[PDB]
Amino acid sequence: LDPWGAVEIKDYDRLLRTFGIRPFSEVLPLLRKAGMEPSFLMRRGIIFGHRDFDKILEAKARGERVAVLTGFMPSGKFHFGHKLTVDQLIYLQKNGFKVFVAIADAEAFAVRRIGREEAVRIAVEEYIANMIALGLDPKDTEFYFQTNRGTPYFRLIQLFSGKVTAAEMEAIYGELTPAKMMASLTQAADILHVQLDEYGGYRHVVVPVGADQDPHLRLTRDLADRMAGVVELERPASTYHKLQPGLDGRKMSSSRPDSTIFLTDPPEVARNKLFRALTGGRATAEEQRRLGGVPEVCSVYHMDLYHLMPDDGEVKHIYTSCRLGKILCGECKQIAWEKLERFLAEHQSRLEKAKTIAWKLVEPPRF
């Protein structure tokens, strides 16, 4: 009975310590003092790492307003990969964090070749509207476009350009276009700019990411340090989540629709995707009942663990049964489906109103 899977953690949690990334449990006593109980993603070890989130919670504890920031590429549809990020935002927002969400429409245009009108449409109706329907507060959340964020944010990007080398950027990105160079600096500015007085002066900011995104964060932290004497910036903190494996064994992508469920999928499309998902199940009903299934490798069990079963007892019960022989994939799938069906229907019923609201939460760029 290891339902949370500490085993696969410990392995790289050794190597990430090299980058100053720590086990998330080291912040529990601070979470408590900050008046916060861990979210289920934290209890389950899905949020496994942090860097400097202690410093964030210390500020918060003494009454400082703290912030969380992330951004989204407005391309393709909003999926459960995206949902995992937003749920961390919602948890922090309910605990008093100021939330910033950047729309990466400059990067969309310049790196991904996405048209202006479409980037803006997708951002508002597919990203912001889904985040609102998920529960991000339309009034206190500050959404913005990279291309419409104002002089002091843009100044950072200009000044950061003097404080990084081609080689440092080549390390992070590989072979490096002007667009990618520009994207990299703008993203550091997305993270750091909220510390400027013109955007609220939030010195203490945490960014929720996957380990695979740390190199850009370390660059952003170096930029903050290298700006000493020009503008005073604190190194941003972070939390680290394991990435949810896709329904087809590979990473969730709008690119391959069967990898993931889109939050706008009609019930029949979603069910079919779910019933097609890879499992840790066996050759036949019969072999399953003798040995059991393998949840550690099962994408249905991961849907349960990351989204569909917030109750620890329910998901443990699924883990145990699967292993103990007591359950077949077909039934397991139908159980996850019924959680999914209800979440989708409540979600989609909020979505048309969220779209109306979304267009009023931002000023889209003129061109």
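Numbering starts at 1 and follows the sequence shown.
- For the segment pair 250-258 and 235-243, the entry gives 250-258 the higher mean B-factor, averaged over Cα atoms.
- Between the stretches 300-308 and 316-324, it is 316-324 that shows the larger average CA temperature factor.
- When the C-alpha B-factors of 230, 205, 291, 270 are read from the PDB record, the largest value belongs to 291.
- The PDB entry assigns the greatest CA B-factor among 142, 87, 168, 137 to 168.
- When the modelled residues of the chain are ordered by their C-alpha B factor, residue 147 lands in the lowest third.
- Residue 224 sits in the lowest third of its chain by CA B factor, as recorded in the PDB entry.
- Per the PDB record, residue ranking by Cα B-factor puts residue 71 in the lowest third of the chain.
- Per-chain ranking of the deposited C-alpha B factor places residue 331 in the highest third.
- Residue 77 sits in the middle third of its chain by CA B factor, as recorded in the PDB entry.
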